[PDB]
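1. just to be clear, this is only the beginning of the complex, oriented as in the whole thing:
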Amino acid sequence: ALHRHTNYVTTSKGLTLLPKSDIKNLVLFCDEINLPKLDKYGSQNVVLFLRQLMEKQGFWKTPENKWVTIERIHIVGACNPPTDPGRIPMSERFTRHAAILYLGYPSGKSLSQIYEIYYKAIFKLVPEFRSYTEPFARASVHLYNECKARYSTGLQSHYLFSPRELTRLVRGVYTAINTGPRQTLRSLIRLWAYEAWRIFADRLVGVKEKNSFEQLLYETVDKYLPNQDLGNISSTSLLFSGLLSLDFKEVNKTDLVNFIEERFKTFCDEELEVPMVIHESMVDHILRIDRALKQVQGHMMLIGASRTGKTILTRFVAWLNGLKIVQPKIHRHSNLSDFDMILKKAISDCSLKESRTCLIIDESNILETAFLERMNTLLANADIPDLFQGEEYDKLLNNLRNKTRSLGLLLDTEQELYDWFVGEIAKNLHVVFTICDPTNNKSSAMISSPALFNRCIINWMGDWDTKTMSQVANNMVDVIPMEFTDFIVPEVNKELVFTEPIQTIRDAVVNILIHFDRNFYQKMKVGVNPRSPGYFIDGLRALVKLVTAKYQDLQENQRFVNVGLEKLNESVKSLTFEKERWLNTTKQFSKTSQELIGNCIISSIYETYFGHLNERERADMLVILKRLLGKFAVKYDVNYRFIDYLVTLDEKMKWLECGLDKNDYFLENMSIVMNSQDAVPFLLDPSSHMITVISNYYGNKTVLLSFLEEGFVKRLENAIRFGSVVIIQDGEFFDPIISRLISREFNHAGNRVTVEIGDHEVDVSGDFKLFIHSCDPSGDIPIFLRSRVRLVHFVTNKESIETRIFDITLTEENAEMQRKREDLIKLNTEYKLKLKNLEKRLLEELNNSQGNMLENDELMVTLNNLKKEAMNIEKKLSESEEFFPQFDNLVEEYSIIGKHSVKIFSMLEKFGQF
């Protein structure tokens, strides 16, 4: 930092000095002087360097070992009180040399005058309300005071208020008045309220504190600006934006939503394609991000939860304002030099070319504290001196000197050139941090950092509320047909319903999905929910595709049965009149079509949520989902089995042949892995027995990689270009270069689909699958990966004992009952296949028996045959009607046995752990 303003010199008695470059004295303002961390032995070296500079008046060059005597350079530091969090105490050996001055807040009453001067300044644009300069200021000050007392650090660690908030509010009020239309008192009050919302209540967490701030705003307005014409001051009730008009005026909600939709469609088309749904919170946050990006040093920190839309929302808002989006393409083996080069390129584009970039820094786009320090230096100042120093400085000053000449402005001094450079960076570079969970150590360090927290506008997206989920679901379940279930409006409590009052099956579906998501997060997740619905969206998409597929299947089966019935009516033998009876399945179709939506909901929820659950958690949450379906008026197959419903016999035999176990848990896990291929599957298993199984499924096409080997980055680029299944042996590690592959975010063209990996664009064959595989369940995965990927647990938990001993007990306690249990379902399934087989046999035989007589003997004998399987089907159904009650009665006894067995095994495993 000193290299720009200091000039090393040499003298015989004056071995190298480091004085001013100019003739003016130099004052080193070291802000946050007590912030740097201290070594493990308890000594922070930067403070000792400062003491050396103030006591010894010099230091030692580390390459050359020469005493450098600083000349007429003064040291002025600034520090928060040591009692503040993160403030390391300073040694008395350093502060012994410095005069300490305490600067408190300006008494709380002087703030009134200090900002009344600002309001008198900014009301020169609107003289008609000159007399309102004094009220506003007091109100503003009062607001600040209240927000300082209500929202303390005890609630949230980022609830730090200061007069800087008041200055931001005054600048916002001016920059809305300056570019706004002719104003009225109601308009000014609403404008001030909007700016107050954006300054004080953006960082607030939870609806309770937002409502508290809203009532505080109402009280302040009624106390200091007792106007009589005002609307609702709620966050979504007032919307100020210059996207529609050329001014900055409060816009109607409907026009804003229509414009946002018609622009978002174009953005999804011409830019990267991500099918997305527009809702009210999206519009509000688009306005917030637009306001932040519009100002000069507009940096934002979006603290929400994964899969909320923050990154793509920032990209959309940048595209609206014509900002070049730059995202650091870093990976696991990316060091500080790569980040420095990326920042250098971004700065060069920002200043030497006036590119107006928008650097989106994710939480995971920083790996060590050096990246965060680079962000601090870039944000606190408007430049990073460490990038441009030494000879690289000499080039920069050259590139400035040419460039500043091309703008028609003359600047020959180095200081003037660098000041123009800093100003261009400040007014052209916007940094938008996006962090998923703020309780993580990296994200907590990002938030608590002084430069970021003081320069960035903390916008707390938070997780989706029930209104946003209802809007998204309504816009997502409006594509699939539901004109066959014959829904009847059910009687439910007003608290249970989330969307508009239930009048159709679609509202019931969205209510069930929202309620199950809430219950699932209530059971699995504890305390606060830093997880935004990615399960909800994936479940909605799965339900869409599954309803479509199941209704197509039902249509095909109905068509087959109807054409068979027409043929039998056409066939005019003696026994076909009884196949008129056995074609009563047209009556069964009416019952099985009513339960289609319920079965599809259960199967989609099972595919999405239960991938990473135990054998008992799956049962409990399935019971919860069934009681939720029963709470509303949607029906489902009472004896529903996921394996039977989704996977067919052929696929199950293929999986068993490939090497999969006989467990129902493993069959369900494999069904989840294979059936759901809209998202990458993440197979977790301690034994690697699945890695071979998948390979056995894909023969010679399987390619095994890992995130540890050096050539992996290239090898995938081959497998991704020639269509070979990829299994990555490690998943706990993850280099974000595969990021654009984890989320299906491709660059389409005429007929070639292209994906960006690192900085290479590679063509996707279309035969390429990706399975991520992990071994240790103890290992963690990045929040970006975990919420995008279909996590499937292949572990053999303790609860696997609970069922397994049953299969032993019933084997050696009721041998006949165990024998009938398996063959009941086995014969049932093979009957549902072979009766259809015989029906199409009969149909094609009738096709071949149009007018012959000798051929009818085979028709008659097969007609008599089909009666046998009809009797067996009826007998099996009648026997099951009594077997299932007895089976469920018999389950509970051996469940009692297993309750003790699992505890015994847990004690044994704790013994083994010791």
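-> Here it is on my side, so go on. Residues are numbered from 1 along each chain as shown, chains lettered A, B, ... in the order given.
2. which SSE is residue A:717 in?
-> Secondary structure assignment for residue A:717, by DSSP states H and E: helix A:712-722.
3. so residue A:16 sits against residue A:7, correct?
-> No: counting by CB atoms under 8 Å, no contact exists between residue A:16 and residue A:7, whose distance comes to 10.4 Å. Bear in mind the C-beta positions are built from the backbone N, C-alpha and C, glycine included.
4. and these two? which has more neighbours close in?
-> More neighbours sit around residue A:16 than around the other of residue A:16 and residue A:7, counting by other CB atoms under 10 Å; the figures are 15 against 11.
5. and the gap between that one and residue A:385?
-> 20 Å (CB to CB, to the nearest Å).
6. the helix or strand following the helix holding residue A:717: partners in the sheet, and parallel or antiparallel?
-> Secondary structure here is assigned by DSSP H and E; on that basis, the next helix or strand after helix A:712-722 toward the C-terminus is strand A:726-728. Within its sheet, and counting by DSSP bridges, strand A:726-728 is paired with strand A:703-705 (parallel), strand A:770-774 (parallel).
7. can these go into TSV with extra columns for distance to residue A:229 and mean neighbour count?
-> Output for these, formatted as TSV (distance: least, CB to CB, whole Å; neighbours: other CB atoms under 10 Å):
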stretch	distance to residue A:229	mean neighbour count
strand A:703-705	67	18
strand A:770-774	59	22
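8. quick one, which of those is nearest to residue A:126?
-> Comparison of those against residue A:126 by CB to CB identifies strand A:770-774 as nearest, at 59.2 Å.
9. can you list contacts of the next helix or strand along the chain from the closest one?
-> Reading on from strand A:770-774 to the C-terminus, the next helix or strand found by DSSP H and E is helix A:783-788. Applying CB atoms under 8 Å, 6 or more residues apart in numbering, the contact partners of helix A:783-788 are A:306-307, A:362-364, A:436-437, A:440, A:531-532, A:534, A:679-680, A:682, A:731, A:734, A:736, A:739, A:742-743, A:772.
10. same check, this time on stretch A:499-513
-> When contacts are taken as CB under 8 Å, 6+ apart, the neighbours of stretch A:499-513 outside the stretch itself are A:469-470, A:473-474, A:477-478, A:482, A:485, A:487, A:489-490, A:492, A:496-498, A:536, A:539-540, A:543, A:597, A:601, A:605, A:625, A:628-629, A:632-634.
11. also stretch A:816-831?
-> For stretch A:816-831, the external contacting residues (CB under 8 Å, 6+ apart) are A:644, A:649, A:810-811, A:869, A:872-873, A:876, A:879-880, A:883, A:886-887, A:890.
12. residue A:571 contacts residue A:845, doesn't it?
-> No: in this structure, residue A:571 is not within contact of residue A:845 by CB under 8 Å, at 10.2 Å.
13. for chain A, longest helix please?
-> Counting residues, the longest helix found in chain A (DSSP state H) is helix A:856-913.
14. please slot chain B in as well:
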Amino acid sequence: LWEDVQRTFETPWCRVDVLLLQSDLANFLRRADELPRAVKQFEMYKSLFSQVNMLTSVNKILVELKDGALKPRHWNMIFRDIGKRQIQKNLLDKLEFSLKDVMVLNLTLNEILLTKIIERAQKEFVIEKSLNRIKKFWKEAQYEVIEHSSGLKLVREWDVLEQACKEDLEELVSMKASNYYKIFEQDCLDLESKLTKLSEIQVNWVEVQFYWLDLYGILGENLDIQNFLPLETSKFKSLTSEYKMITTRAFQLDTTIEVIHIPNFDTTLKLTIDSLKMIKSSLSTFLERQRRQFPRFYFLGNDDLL
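-> Okay, chain B now, added to the rest:
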């Protein structure tokens, strides 16, 4: 205008540019109406306007078939399966057919089969681009040469080319998984064969060069040690002479890959490395025989003992 539009219809497809074609079609549309009614009543104006509207009706098709992925094989398939005719090979292989043929193919209707064949065209070009990149890289690769005290030439930076050869071999292996590999098999197989031979020569060469450097410090410099081991140094001098001739003839080629065509190169390097390993074993046995006579030499090592 009729002469101009007839001339623009006869330009070879290998030279047609859509950017100027748009302006030319705009001019044709502008100048169609200004023709007198004598042209309008005749078939000349009607045919001209119909052909101009045919050209302007499809413009995505023209730019898609202007892509580099298209090849004479694809043009032959398009002509045979859509145009129902055969194109002269000289007219086809150079893509010099006129725009009238493109009109004949009727891009408006057969666009579904057109896109079906173009998709295959881009995937085959995905394979061909990797093949061309590998060939271009290995037609310009060369070692980095230095000269030490002796007249021998030494290679530096083995990795920058060894890793490239290994990665290219892995790429050529992985190309077999692609469905559209059959047409490119006859070239990929030969390229893989050449790269395997080059990789074997590289593996022998790095070891030969390393062992020769290691032994040059021991033998060939100190006269005393060569006197104690006359057979070893006598063999070493002949090895150095043969290696010098081999390396001079090898770097007289300006390309790394062409060493696979040098007569008796890989076997020569195998013999050289075998003889160097035998000389190293002889040194080890001599040093151990010296140490077993005065065992305190076990506290010194090899360089000190030498």
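15. quickly check: the helix holding residue A:717 near chain B or not.
-> Yes: when contact is scored as CB under 8 Å from any CB of the partner chain, part of helix A:712-722 falls within range of chain B: A:714, A:715, A:718, A:719, A:721, A:722.
16. hey, where'd the helices end up in chain B?
-> In order along the chain, chain B carries the following helices (DSSP H): B:2-9, B:18-33, B:37-41, B:43-57, B:60-65, B:72-78, B:89-93, B:99-104, B:111-138, B:159-174, B:185-218, B:223-228, B:230-251, B:266-291.
17. how about a markdown table for the ones you listed, with mean neighbour count and distance to residue A:188 added?
-> What follows is the helices of chain B, written out as a markdown table (neighbours: other CB atoms under 10 Å in any protein chain shown; distance: least, CB to CB, whole Å):
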| stretch | mean neighbour count | distance to residue A:188 |
| --- | --- | --- |
| helix B:2-9 | 13 | 65 |
| helix B:18-33 | 14 | 53 |
| helix B:37-41 | 11 | 68 |
| helix B:43-57 | 15 | 56 |
| helix B:60-65 | 17 | 53 |
| helix B:72-78 | 17 | 68 |
| helix B:89-93 | 13 | 76 |
| helix B:99-104 | 16 | 66 |
| helix B:111-138 | 17 | 59 |
| helix B:159-174 | 16 | 67 |
| helix B:185-218 | 16 | 74 |
| helix B:223-228 | 12 | 98 |
| helix B:230-251 | 15 | 83 |
| helix B:266-291 | 15 | 88 |
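18. could those go into TSV alongside distance to chain A?
-> As requested, those are exported to TSV (distance: least, CB to the nearest CB, whole Å):
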stretch	distance to chain A
helix B:2-9	25
helix B:18-33	13
helix B:37-41	38
helix B:43-57	18
helix B:60-65	5
helix B:72-78	13
helix B:89-93	23
helix B:99-104	17
helix B:111-138	4
helix B:159-174	4
helix B:185-218	11
helix B:223-228	41
helix B:230-251	28
helix B:266-291	26
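19. out of those helices, nearest to residue A:553?
-> Of those, the one closest to residue A:553 (CB to CB) turns out to be helix B:111-138, at 28.3 Å.
20. angle of the closest one against helix B:159-174?
-> Taking axes from the mean of the first three to the mean of the last three CA atoms, to 10 degrees, one finds helix B:111-138 and helix B:159-174 inclined to each other by 150 degrees.
21. could you give the separation of helix B:111-138 from the chain centroid?
-> Mean-position distance between helix B:111-138 and its chain equals 15 Å (CA atoms, centre = their mean, to the nearest Å).
22. circling back: out of the helices of chain B, which gets nearest to residue A:182?
-> Proximity of those to residue A:182 was assessed by CB to CB; the nearest stretch is helix B:18-33, lying at 46.8 Å.
23. the inter-axis angle of that closest one versus helix B:2-9?
-> Here the directions of helix B:18-33 and helix B:2-9 differ by 160 degrees (the same axes, to 10 degrees).
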